[PDB]
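K.L.:
The following block contains the structure, expressed as structure tokens.
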Amino acid sequence: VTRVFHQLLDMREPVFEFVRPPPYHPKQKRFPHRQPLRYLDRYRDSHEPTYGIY
Amino acid sequence: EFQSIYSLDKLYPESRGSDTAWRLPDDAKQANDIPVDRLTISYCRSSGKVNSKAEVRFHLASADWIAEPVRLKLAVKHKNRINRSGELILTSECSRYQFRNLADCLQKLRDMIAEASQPXXXXXXXXXXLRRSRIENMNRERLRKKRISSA
């Protein structure tokens, strides 16, 4: 196929993937009651510390 | 100009003078793996999750710092990430500090160069993901197996 797209059609070759919708999490609540510690990590934005004013 | 019995010249008598700590041993590493000056390094900075894309480009046929066997076998296993301009394209994502992204791309590069340069690699095949592929391959092989001269 790679030989085709370049030689015949003078075009870059498209590559597609498979995306499955991000797992549904209930609204986060201020005092999650009776939840494991790792609850905090479900609403994690990205993994990196952020020292805000520091 | 003060000194203590614990000072750095007394602890380590061999290397004392100020210039000794700052010398550059360029001869100790003479191979200069990945001569960065000849790479095109692009940064896509996106923000929303924060993801800084690291891009890495070089021409495979035109890159001299890799030997010919390395040149040709890195163009085989990796043909999926090769570009029509002859470019080998590396992608990094995870860190939002572009430093680590560069490090990841340079690392993937060193791993492809290492795995290619080592001739003893048997590229071990897993039967778990490819079993269905081997079955479907054999099964289309039984149809291809019809023997008549055509065209």
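To be explicit about the labels: the chains of the structure tokens are called A, B, and onward in the order shown, and within each one the residues are counted from 1, while ligands get numbers from 1 in the order they are shown.
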I'd like to know which residues of chain B are alpha helix (DSSP H) (by DSSP, run on the backbone); could you write them as a PyMOL selection string?

P.N.:
chain B and resi 8-11+18-22+68-73+98-117+127-144

K.L.:
Please return, as a PDB file with N, CA, C and O atoms, in the first residue's frame, all residues of chain B lying within 9 Å of chain A when only C-alpha atoms are considered.

P.N.:
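Dumped everything to selection17.pdb:
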```pdb
ATOM      1  N   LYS B  49      -5.348  18.305  30.072  1.00  0.00           N
ATOM      2  CA  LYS B  49      -4.011  17.733  30.189  1.00  0.00           C
ATOM      3  C   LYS B  49      -2.979  18.532  29.387  1.00  0.00           C
ATOM      4  O   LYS B  49      -3.267  19.020  28.291  1.00  0.00           O
ATOM      5  N   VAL B  50      -1.779  18.664  29.948  1.00  0.00           N
ATOM      6  CA  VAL B  50      -0.671  19.325  29.258  1.00  0.00           C
ATOM      7  C   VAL B  50       0.275  18.271  28.664  1.00  0.00           C
ATOM      8  O   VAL B  50       0.837  17.439  29.387  1.00  0.00           O
ATOM      9  N   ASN B  51       0.417  18.295  27.339  1.00  0.00           N
ATOM     10  CA  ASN B  51       1.243  17.330  26.612  1.00  0.00           C
ATOM     11  C   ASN B  51       2.165  18.013  25.613  1.00  0.00           C
ATOM     12  O   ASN B  51       1.693  18.615  24.645  1.00  0.00           O
ATOM     13  N   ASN B  83       9.111   8.199   6.377  1.00  0.00           N
ATOM     14  CA  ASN B  83       8.375   9.185   5.590  1.00  0.00           C
ATOM     15  C   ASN B  83       8.869   9.212   4.139  1.00  0.00           C
ATOM     16  O   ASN B  83      10.023   8.869   3.869  1.00  0.00           O
ATOM     17  N   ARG B  84       7.995   9.609   3.213  1.00  0.00           N
ATOM     18  CA  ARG B  84       8.303   9.584   1.779  1.00  0.00           C
ATOM     19  C   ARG B  84       9.544  10.405   1.405  1.00  0.00           C
ATOM     20  O   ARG B  84      10.167  10.168   0.366  1.00  0.00           O
ATOM     21  N   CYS B  94       4.667  11.946  26.956  1.00  0.00           N
ATOM     22  CA  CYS B  94       4.257  11.902  28.366  1.00  0.00           C
ATOM     23  C   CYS B  94       4.572  13.108  29.268  1.00  0.00           C
ATOM     24  O   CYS B  94       3.666  13.660  29.893  1.00  0.00           O
ATOM     25  N   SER B  95       5.829  13.534  29.333  1.00  0.00           N
ATOM     26  CA  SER B  95       6.176  14.675  30.181  1.00  0.00           C
ATOM     27  C   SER B  95       5.650  15.973  29.580  1.00  0.00           C
ATOM     28  O   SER B  95       5.491  16.073  28.363  1.00  0.00           O
ATOM     29  N   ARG B  96       5.367  16.961  30.423  1.00  0.00           N
ATOM     30  CA  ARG B  96       5.011  18.284  29.917  1.00  0.00           C
ATOM     31  C   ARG B  96       6.246  19.188  29.865  1.00  0.00           C
ATOM     32  O   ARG B  96       6.177  20.331  29.404  1.00  0.00           O
TER      33      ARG B  96
END
```

K.L.:
I'd like the contact shell of residue A:28 - 12 Å cut-off, only C-alpha atoms, skipping same-chain residues fewer than 2 positions apart - returned as a PyMOL selection string.

P.N.:
chain A and resi 24-26+30-33+35+39-44

K.L.:
Can I get the selected residues back with N, CA and C atoms, as a PDB file, in the first residue's frame?

P.N.:
```pdb
ATOM      1  N   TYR A  24     -16.129   6.410  32.229  1.00  0.00           N
ATOM      2  CA  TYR A  24     -16.997   7.341  32.944  1.00  0.00           C
ATOM      3  C   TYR A  24     -16.753   7.321  34.456  1.00  0.00           C
ATOM      4  N   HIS A  25     -16.452   8.494  35.010  1.00  0.00           N
ATOM      5  CA  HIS A  25     -16.356   8.727  36.453  1.00  0.00           C
ATOM      6  C   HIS A  25     -17.475   9.620  36.974  1.00  0.00           C
ATOM      7  N   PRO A  26     -18.134   9.218  38.068  1.00  0.00           N
ATOM      8  CA  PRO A  26     -19.162  10.079  38.664  1.00  0.00           C
ATOM      9  C   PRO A  26     -18.568  11.429  39.077  1.00  0.00           C
ATOM     10  N   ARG A  30     -16.676  16.646  47.390  1.00  0.00           N
ATOM     11  CA  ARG A  30     -15.694  17.325  48.230  1.00  0.00           C
ATOM     12  C   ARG A  30     -15.122  16.431  49.308  1.00  0.00           C
ATOM     13  N   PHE A  31     -15.991  15.675  49.966  1.00  0.00           N
ATOM     14  CA  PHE A  31     -15.562  14.673  50.937  1.00  0.00           C
ATOM     15  C   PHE A  31     -16.002  13.322  50.447  1.00  0.00           C
ATOM     16  N   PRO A  32     -15.160  12.666  49.642  1.00  0.00           N
ATOM     17  CA  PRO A  32     -15.537  11.328  49.199  1.00  0.00           C
ATOM     18  C   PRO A  32     -15.582  10.436  50.421  1.00  0.00           C
ATOM     19  N   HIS A  33     -16.693   9.765  50.671  1.00  0.00           N
ATOM     20  CA  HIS A  33     -16.796   9.044  51.922  1.00  0.00           C
ATOM     21  C   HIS A  33     -16.552   7.581  51.656  1.00  0.00           C
ATOM     22  N   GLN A  35     -14.107   5.803  50.528  1.00  0.00           N
ATOM     23  CA  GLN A  35     -13.450   5.440  49.278  1.00  0.00           C
ATOM     24  C   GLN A  35     -11.982   5.163  49.531  1.00  0.00           C
ATOM     25  N   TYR A  39      -8.865   6.840  45.051  1.00  0.00           N
ATOM     26  CA  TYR A  39      -9.966   7.656  44.551  1.00  0.00           C
ATOM     27  C   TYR A  39      -9.432   8.977  44.052  1.00  0.00           C
ATOM     28  N   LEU A  40      -8.530   9.580  44.825  1.00  0.00           N
ATOM     29  CA  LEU A  40      -7.977  10.882  44.443  1.00  0.00           C
ATOM     30  C   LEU A  40      -7.391  10.861  43.039  1.00  0.00           C
ATOM     31  N   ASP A  41      -6.831   9.723  42.640  1.00  0.00           N
ATOM     32  CA  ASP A  41      -6.157   9.629  41.351  1.00  0.00           C
ATOM     33  C   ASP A  41      -7.070   9.372  40.167  1.00  0.00           C
ATOM     34  N   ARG A  42      -8.361   9.213  40.400  1.00  0.00           N
ATOM     35  CA  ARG A  42      -9.249   9.049  39.262  1.00  0.00           C
ATOM     36  C   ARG A  42      -9.513  10.394  38.584  1.00  0.00           C
ATOM     37  N   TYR A  43      -9.500  11.465  39.361  1.00  0.00           N
ATOM     38  CA  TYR A  43      -9.773  12.784  38.810  1.00  0.00           C
ATOM     39  C   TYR A  43      -8.506  13.547  38.489  1.00  0.00           C
ATOM     40  N   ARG A  44      -7.382  12.856  38.633  1.00  0.00           N
ATOM     41  CA  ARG A  44      -6.072  13.387  38.291  1.00  0.00           C
ATOM     42  C   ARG A  44      -6.084  13.982  36.899  1.00  0.00           C
TER      43      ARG A  44
END
```

K.L.:
Rounded to one decimal, what separation in Å do you get between atom CA of residue B:91 and atom CA of residue B:53?

P.N.:
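Pair atom CA of residue B:91 / atom CA of residue B:53 returns 6.8 Å.
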
K.L.:
As a list in words, please: every residue in stretch 9-123 of chain B that a backbone DSSP assignment puts in strand (DSSP E or B).

P.N.:
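Matching residues for strand (DSSP E or B) in stretch 9-123 of chain B are residues 40, 41, 42, 43, 44, 45, 46, 51, 52, 53, 54, 55, 56, 57, 58, 59, 82, 87, 88, 89, 90, 91 and 92 of chain B.
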
K.L.:
Mind dumping a table of every stretch 8-100 of chain B residue within 7 Å of stretch 107-126 of chain B, with the nearest atom pair and its distance in Å to one decimal, using only C-alpha atoms, sorted by chain and rising number, as a tab-separated table?

P.N.:
```
residue	atom	partner	partner_atom	distance
B:70	CA	B:117	CA	6.0
B:73	CA	B:116	CA	6.3
B:74	CA	B:116	CA	6.4
```
